[PDB]
Every structure is written in structure tokens, then in C-alpha cells.
Amino acid sequence: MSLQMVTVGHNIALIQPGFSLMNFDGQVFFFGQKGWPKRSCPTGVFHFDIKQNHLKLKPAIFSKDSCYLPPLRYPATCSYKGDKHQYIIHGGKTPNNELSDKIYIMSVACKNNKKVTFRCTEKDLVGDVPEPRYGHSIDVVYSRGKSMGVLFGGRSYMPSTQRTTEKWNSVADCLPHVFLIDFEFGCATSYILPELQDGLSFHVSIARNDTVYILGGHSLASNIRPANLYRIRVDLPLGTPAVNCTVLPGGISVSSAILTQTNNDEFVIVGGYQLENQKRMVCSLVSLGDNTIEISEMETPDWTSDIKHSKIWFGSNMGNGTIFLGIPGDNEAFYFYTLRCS
DNA sequence: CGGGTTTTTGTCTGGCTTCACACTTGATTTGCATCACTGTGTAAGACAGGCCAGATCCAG
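So, a few notes on the structure that sits alongside this text.

Structural notes on the pairing of strand β25 (residues 284–287)
At step 1: Where strand β24 (residues 266–269) meets β25, four bridges bridge the pair, whose relative direction is antiparallel. Looking at β25, one finds that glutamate 266 is bridged to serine 287.
At step 2: Pairing geometry for β25 and strand β26 (residues 295–297), over three bridges, is antiparallel. Within β26, the residue paired with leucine 285 across the bridge is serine 296.

Section: the sheet that holds strand β27 (residues 314–317)
At step 1: Read from one edge to the other, the open sheet built from four strands follows the order β1-β29-β28-β27, with strand pairing classed as antiparallel. Since the sheet does not close on itself, it has two edges, and those belong to β1 (2–5) and β27, each with one partner. The sheet shows a mean angle of 25° between the axes of neighbouring strands, direction not considered.

Section: unusual backbone geometry
At step 1: Here the phi dihedral of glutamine 52 falls at roughly 55°; this positive angle occurs in a residue that is not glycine.
At step 2: Among the secondary structure elements, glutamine 52 is positioned in the loop between β4 (46–48) and β5 (61–62).
At step 3: Taking relative accessible area as the criterion, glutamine 52 reaches 80% and is therefore assigned exposed.
At step 4: Although it is not a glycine, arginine 144 sits at a positive phi angle of roughly 55°.
At step 5: In this fold, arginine 144 is placed in the loop between β13 (138–142) and β14 (147–151).

Describing the side chain of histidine 136
At step 1: When you line up the elements, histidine 136 lands in the loop between β12 (126–127) and β13.
At step 2: Here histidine 136 is in contact with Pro75, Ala76, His90, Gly91, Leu151, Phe152, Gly153, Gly154 and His203, once residues within four sequence places are set aside.

Some points on the environment of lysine 308
At step 1: Structurally, the position occupied by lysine 308 is in the loop between β26 and β27.
At step 2: A relative accessible area of 54% places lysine 308 in the exposed class.
At step 3: Apart from the residues lying within four places of it in its own chain, the contact partners of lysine 308 are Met281 and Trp303.

Thoughts on the packing of aromatic side chains
At step 1: Per the counting criterion, the structure on display carries 21 aromatic pairs.
At step 2: Plain terms: the ring middles of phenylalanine 19 and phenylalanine 30 are 5.5 Å apart, the flat faces sit at 35° to each other, and that makes the pair tilted. Separated by 11 residues along the polypeptide, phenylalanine 19 in the loop between β1 and β2 (22–24) and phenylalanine 30 in strand β3 (residues 27–30) bring together distant segments of the chain. Here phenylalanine 19 and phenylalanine 30 have matching classes, each one buried.
At step 3: Ring geometry for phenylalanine 24 and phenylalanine 29: centres 5.9 Å apart, planes at 35°, overall tilted. Of the two residues, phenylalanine 24 and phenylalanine 29, both sit in the buried class.
At step 4: Members of the aromatic cluster, each reached through a chain of ring pairs, are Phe19, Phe30, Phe46, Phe48, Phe314, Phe324, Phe334 and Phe336.
At step 5: Across the ring face of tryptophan 168, the terminal group of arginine 163 is positioned such that the distance to the ring centre comes to 3.7 Å.

A word on empty space enclosed by the protein
It is a probe the size of a water molecule, rolled over the atoms, that shows where empty space is left.
At step 1: Roughly 50 Å³ of internal volume is contained in the largest cavity.
At step 2: Every residue lining the largest cavity is listed: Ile206, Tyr213, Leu215, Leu229, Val286, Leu288, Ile293 and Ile295.
At step 3: Tallied by class, residues from the lining of the largest cavity come to eight nonpolar, no polar and no charged.

Conventions we followed
- Numbering of residues starts from 1 on every chain and follows the written order of that chain's sequence, so it may differ from the entry's own numbering; residues lacking coordinates are omitted.
- Numbering of ligands from 1 and lettering of chains from A proceed in the order in which they are written.
- What appears here is a fragment of a larger assembly, so each number quoted concerns just the fragment shown.
- Side-chain figures throughout are based on the complete set of non-hydrogen atoms in the structure, without hydrogens or water.
- Residues with missing side-chain atoms are left out of burial classes, side-chain pairs and their counts.
- By this definition, two strands are paired if DSSP reports at least two bridges between them.
- Here a strand is any run of E in DSSP of at least two residues, a helix any run of H or I of at least four, and the numbering for each starts at the N terminus.
- Only C-alpha atoms enter the line fits that serve as axes; for helices the fit covers just the stretch in contact. Angles between N-to-C directions range over 0 to 180 degrees.
- Summary of the burial criterion: residues with accessible area below 20% of their type's maximum are buried, those above 50% are exposed, and those between are partly exposed, where the area comes from a 1.4 Å probe applied to protein chains only.
- Here, residues are in contact when the closest pair of their heavy atoms is within 4.5 Å.
- Ring pairs are drawn from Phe, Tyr and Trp, using the six-membered ring of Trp, whenever the two centres fall within 6.5 Å, and their geometry is named by plane angle: stacked under 30 degrees, edge-to-face over 60, tilted for the rest.
- Each ring is checked for a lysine NZ or an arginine CZ that lies within 6 Å of its centre and within 35 degrees of its normal; such an atom marks a charge sitting over the ring.
- Residues are said to line a cavity or pocket when one of their atoms sits within 4 Å of a point; the points come from a 1 Å grid over protein atoms alone, cavities being sets where a 1.4 Å probe fits but cannot get out and pockets being open sets with protein on both sides within 12 Å along at least five of seven lines.
- Grid points are joined across faces, edges and corners, and a volume is the space filled by probe spheres set on the points.
- In this count, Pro and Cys sit with the nonpolar residues alongside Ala, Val, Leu, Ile, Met, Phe, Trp and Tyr, while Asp, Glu, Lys and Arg are called charged and the others, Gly among them, polar.

This is the structure we're talking about:
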């Protein structure tokens, strides 16, 4: 817990709320800029590099067989190492306010002189495909030497029937179904769980060997931020998979929280949004066991007077137990701070 | 495809209004053309080129 100011280069206007920092072997990379990419960097992926408390965003290139995906403002990021380390991107929101549904897979194809070359391959789904949506979260699951993705519901626009031009930007939470996506083939399947009763968005999901921990979130159906955490334990036999969910005591009511990993089988979460005009300022610690959980309240960081009164704040995860968050200014549009918690 | 029964009107009828209608000229009052100018055009992005830095290579 140690705040620190971070200066910026010339291209500060390219950062916007909802970006996604991706980490590949120590190097943190930027994605999800504002507007369509210009001739400064046609790809849109930037080398997120901080040195001497100073940010320097520089362009990056793709391979000769990649796919130039549009910048997304609320994708679903997750790590996947099952080989070549690679990330997964689903959903998002294009700069034309259009929701995407295609899955993109990032990967490092070549590198030299500290200059990487990405490989963005397109991935399509079959069977029970999910509605294009944002604010959701996807995780990976390992079971009996086999991988599988878990996609929880989020929010999206009106369906193609009731959507009218007088409410063209209305948003409703998607149905609380669990989607299992096989990355090797591309076949998704929708399951129903009686425990999942209401839609949830902007939540935080913790992944492990074979169980996903959904903690907190925001429900648009009733405008309530619940304080219940879920435990979706799955299994991958030779036959059809089986999913189960059990509610658990001791939840947390936070929306738009930023999660990061500190040690092996241990996570720390920072504040998000507690109420509409009330802002969560104290952090929480998540300690895992083998079939149990544990939450506690760490020492509150030495917040500054500008953050203590700012209404909006956003950020993401760098990867080395470090959080990069920003504060809006006036008319220098954002003030970006970093946070290290070992 | 046209018979009854009221509406809808121009007159017949001649005799009472209130406005209409020839001339001036000297003003007096309106109406309209003319002339040199006006505002709204009002922040960033693409590209080539010199410059060191540092990586790339040479030979004792």
C-alpha cells in the first residue's frame, strides 16, 4: 500500500475509462484506446512502460497473419496457458457503440531487441452462442487434464424486437446463464442454475483449478449491489460436463473493483463503487485454502485529498501486484496514480 | 327513372336615403430604389528529414 504519482508523455488523450492492460512475461501492454486508431499506431496495442515514475506509450506491430480487431471498451480478459501463453478477449464495445461478439486471441509470435510482434487470431463460436455484451467476466478452468472457459452473464442493449429509437441506448442485464466454451473446438453451451436468480454485471470473478469465485457486482434489475459471493464448482469427465453453484456467507458489495494477485493462491482486491454517490475507499484481502475462502480488511492506504473527493475513478491490473488507476481533472484531462501492495 | 313540400332568390313595383363623381395646384405624405459594408465559415493529424545512440560488424 503505497501511492505514487505517474507522469505521462504526449499521447495521454489515448487513455479512456475501460481500457485493458495485458501482461506478457513481465512487459505490460496497453489496449482499448479512444477512437479509431490513427497512423501513429495502426494496430492499437501500446507498450505500457513505466520508468522513474513516468509513462511512455509507444506503438506496437502485429504479425503477417493477424486480424486487426477494433478497440474495445469493456472486454472480458483472462489468462490462458495450455503450449503458449495467451489471453482471451470476448464481447466489448466498439467506438461506434456497437457490441462485438467475436473472440480474439492475443499471443506473442516473435520478439527481438525488446520489440514484440503479436498474433491476433479470430475465433468463432457454435451451438449456444452468447448475446454480445459488456461488463461480464470470463475465466479458465482445468479439470482432469482438460481446459474449459466459464462465461458469466453481463449487460447489453435491448433485443432486436423491443429496441426502439426513442430508447436506442437502453441497457438490461443478460440472463444469468453459465456458458462453457471449449477453446480447442469452439463449441459453447448454456446451462441453467437455480441458485443464480438475477442478472449481474461489473462483478469480480476469482479463478482457480476447477472453481470460479464470483464476488460482488451490480444488479441493474433492482438497482442494488448485493453482498453475496458464489462458488461455481465444475467437473470435466469423459461425458458431458456438470456445473454446480452454492451460495456462501460473508460477501462484499462492490462494483467495478480491480483485482490483482499478490502471492501464490492469494488475492488482494481494491475498492470499487460501494453506492451511487458513496465510494469504497478501504481495501480487502482474499486468502484461499483448498475448499474454503477468507476475506478481511487490510490497512487503508494513505489516500490523497484529490482522490478522497473525486467522484469517478477507474483503472486495471498491471500484473506484478500493482494497480494503475486514474483521476479525472478539468477542461491534463486525467491524473494517473500507481499503487503497489507487494 | 321523376311527383309533393317547403327553402332560396332575383325580380316585379316605383319612391326615400348616403355616397359617387367632374376639375385645380401646391403642398404633404408614402413608397421604393441605391450604396458600402456585415456575419457564419475558427484544432489536430499525416509525413519526411536530420540527428545521435546504440546495436552491428571488422580486424589485430
